[PDB]
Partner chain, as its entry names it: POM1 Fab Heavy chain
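Next up: a single chain in structure tokens, the form deposited without the partner chain.
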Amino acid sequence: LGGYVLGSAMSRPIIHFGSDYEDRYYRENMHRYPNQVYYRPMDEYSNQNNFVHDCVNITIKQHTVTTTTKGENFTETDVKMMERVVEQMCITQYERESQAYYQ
């Protein structure tokens, strides 16, 4: 009941950073980041901020576990990048959950 599930796979959202360097790094590395997020249906009984931050934390940690198994490593830069895009994908997921709930 309190577990996580995966939401639908998403196409690459447009994500803007503060610098040319970051945007270029992001464009060249985004293929390595998640396009589907883990979220907790019970968090819909809590606030939006909690749902999102749980989704960000579990999504990035599970993806790290999956990535490690392929002999690969994420740098601090990669995690910062993933935090940005995964946060937007988690909000999208929430908004889709909300739309369904009220529709």
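Numbering follows the first chain given and starts at 1.
Novice: Tell me which stretch, 87-95 or 21-29, has the higher mean Cα B-factor listed in the entry.
Specialist: It is 21-29.
Novice: Between 42-50 and 64-72, name whichever shows the higher mean Cα B factor according to the PDB entry.
Specialist: Here the higher of the two C-alpha B-factor means belongs to 64-72.
Novice: Against its chain's modelled residues, does residue 14's Cα B factor rank lowest, middle or highest third?
Specialist: CA B-factor rank for residue 14: middle third.
There is another form of the same protein, the form deposited with the partner chain bound; it is not shown, and what comes next is about it.
Novice: Would you give me the residues of 63-90 that have any heavy atom within 4.5 Å of the partner chain in the entry with it bound, in order from first to last?
Specialist: Those in contact are 80, 84, 88.
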